[PDB]
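The chain that follows stands alone, in the form deposited in one PDB entry, written as structure tokens.
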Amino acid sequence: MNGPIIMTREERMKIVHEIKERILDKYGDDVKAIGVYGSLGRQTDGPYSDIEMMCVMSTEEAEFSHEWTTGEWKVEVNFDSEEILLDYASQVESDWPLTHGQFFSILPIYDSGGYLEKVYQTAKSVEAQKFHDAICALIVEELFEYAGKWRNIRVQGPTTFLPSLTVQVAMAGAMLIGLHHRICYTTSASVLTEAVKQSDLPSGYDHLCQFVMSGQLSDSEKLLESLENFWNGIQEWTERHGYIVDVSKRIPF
């Protein structure tokens, strides 16, 4: 296989509708809705883009997927019950700004009763408290953890991990900003470009992203300085915005 080929939107939609009819052929009345990702209200695609689709099933507990290649293109189809999909659309994880923008660009191509619009409405109406909870979790589970990793590199190496770690920290910072502003980034590739455009960034984040976006990640001393500056900015920024991590317990149970 030669990897993904160039295709037009029209050629991709022909493939999409073939899959739609095959889903209806195989699963019949158990299909509530079929949608294609990236096709409502937008084209941020590309000549080499793969195909992703979602299928709402009537079967309780249905949760499976088919992901395959023809050698020329790749497809992913996820099959979920309405309940499982609505639950997922309302959960705010650390990478919500990366993952849940898809729920606003699903093109319904089969829907027997407003199911995909209900998923869209559920994804759009998430409680503000959930973003506060996710931000506090991210600080502990990701950022504090990354700070230990780069401080270990400072004292014991390996500096050969520092470029990869710096990329990971910049992405976690983009999630923090996206959660704060309730922004779902358009694509994986646009995460950093859209993150640094937002107002009220933690101090040092934009400086860190300059290394990651330019690819100038070979000066380990500069990266460690920029990481520490960003970590200090996180402390001031979270304190200022009231994202207060509980530090009062040695053991929280």
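For the two forms, the rigid core is made up of the largest set of C-alpha atoms that agree within 1.5 Å on superposition. In case it trips you up, residue 1 is the first one in the sequence shown, and so on. Residues that one form lacks are left out of the comparison.
Beyond the structure shown, there is the form deposited in another entry, which is absent from this document and is the topic of what follows.
Undergrad: With the core superposed, find the residue in 214, 188, 199, 43 that moves its CA 2 Å or more between this form and the one not shown.
TA: After core superposition, the one over threshold is 43.
Undergrad: Relative to what we see here, could you say if residue 16 and residue 40 have their Cα atoms closer or farther apart in the other entry, with a change of 3 Å or more?
TA: Closer together, by at least 3 Å.
Undergrad: Taking the cut-off of 3 Å or more as given, in which direction does the distance between the C-alpha atoms of residue 182 and residue 40 change in the other entry, closer or farther?
TA: Their C-alpha distance grows by at least 3 Å in the other entry.
Undergrad: For residues common to both forms, which consecutive runs of 3 or more show C-alpha displacement of 2 Å or more between this form and the one not shown upon rigid core superposition, listed in sequence order?
TA: After superposing the rigid core, the only shifted stretch between this form and the one not shown is 38 to 45.
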